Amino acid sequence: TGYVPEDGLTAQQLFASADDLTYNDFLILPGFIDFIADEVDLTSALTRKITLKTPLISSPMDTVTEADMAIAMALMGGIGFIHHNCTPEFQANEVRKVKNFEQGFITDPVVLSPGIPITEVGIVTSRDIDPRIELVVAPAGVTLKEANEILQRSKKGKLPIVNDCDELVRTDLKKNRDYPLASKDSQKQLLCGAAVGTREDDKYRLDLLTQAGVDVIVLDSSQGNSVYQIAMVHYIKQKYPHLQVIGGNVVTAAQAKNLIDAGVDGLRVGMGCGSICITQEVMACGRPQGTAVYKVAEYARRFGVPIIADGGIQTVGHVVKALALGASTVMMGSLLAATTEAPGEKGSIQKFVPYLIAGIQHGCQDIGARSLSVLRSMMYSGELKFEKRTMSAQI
């Protein structure tokens, strides 16, 4: 399957040359195809205990991931991490929105205020204002079929729901979408992630996120191999047994070692690649992303610790290379920054992610792998071949 004469280079040869590699520094050599692209399985491990249908995860940047993005990202098979450039209460509240989502229901109903509902029974509709009104309600439990029917009868849009005197939640929907890849937890709620620092002060924020029901926590740092992060990992692993923890950014196996001994459930890899902020400029330390993912993933798989290729992704090709090199998932920031669901006053994630999924599936087919797992497997075993490009692209 690999070759007859002289093919290209194995990953152990390529990443052993003398130069650190970038995603654009090489190409993967194609193989044998005996299946259709839609047969390729993209199931990926996000952490030791969390598995997703796709390997896509949105970055915890204030220009990328909030409730909007996380929900969309989760419905299409991935997951989003809520940025922490806000107050602990604000961030915790975004998580809450993600965990309470369910199509057909209004995310946040403006209940009373002294159309909106009364009795934090009545309603303050735009007509009785252009003073409350006796509104009609439906019994808790009603389905979207038993609701979008009751609504069509009385010619309405919203359907205030009641059962014990409080307002639990229904809206327009006459061709609802289906989400077969949706990332959900054991209770059928969408999965959500959130970023946090590693200072004592962050312990209060961690507490709110955990009460809000966050599933994964990523310790946001440009250099995660520190006594501070390690102690924070120990703490969480101790006080929140049901919370998965992804460890601060690292780019070498030596850094990975300390965080793994500490008990991280996953590693975020990258430094020097990806977007930049004035509050965090790049200095002398870093590492080409291709090499980083490979060298860290090679050591991490020894302990069953998944790796997230964070930064530098600009195309599907980049994604498939990151995965082929050992990463279990890929984190994207700027490539998603231009979607509808990204915070701020390329279309919707509902069209884009499916586009990336198809692309990755075609990437796998060209190399002859029926899944991303077979892929990493072909590379570790020396079957997968690559080819280095000269520093003057002409492909």
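When you see a residue number, it is the position in the sequence shown, counting from 1.
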{"item": "Residue 131 preceded by how many uncoordinated deposited residues after residue 130", "value": "10 or more"}
{"item": "Length class of the unmodelled deposited segment, which would lie between residue 345 and residue 346", "value": "10 or more"}
{"item": "Stretch exceeding the other in mean C-alpha B-factor - 254-262, 104-112", "value": "104-112"}
{"item": "Higher-B stretch (mean Cα B-factor, as the entry records it), 286-294 or 187-195", "value": "187-195"}
{"item": "Options 225, 154, 93, 221 - largest CA temperature factor per the record", "value": "154"}
{"item": "Options 172, 310, 201, 215 - largest CA temperature factor per the record", "value": "172"}
{"item": "Residue 177 - which third its CA temperature factor falls in, relative to the rest of the chain", "value": "highest"}
{"item": "Third of the chain's Cα B-factor distribution that residue 317 belongs to, per the entry", "value": "lowest"}
{"item": "Entry-reported Cα temperature factor of residue 80, expressed as the chain third it lands in", "value": "lowest"}
{"item": "Third of the chain, ranked by Cα B-factor, where residue 99 sits", "value": "middle"}
{"item": "Third of the chain, ranked by Cα B-factor, where residue 205 sits", "value": "middle"}
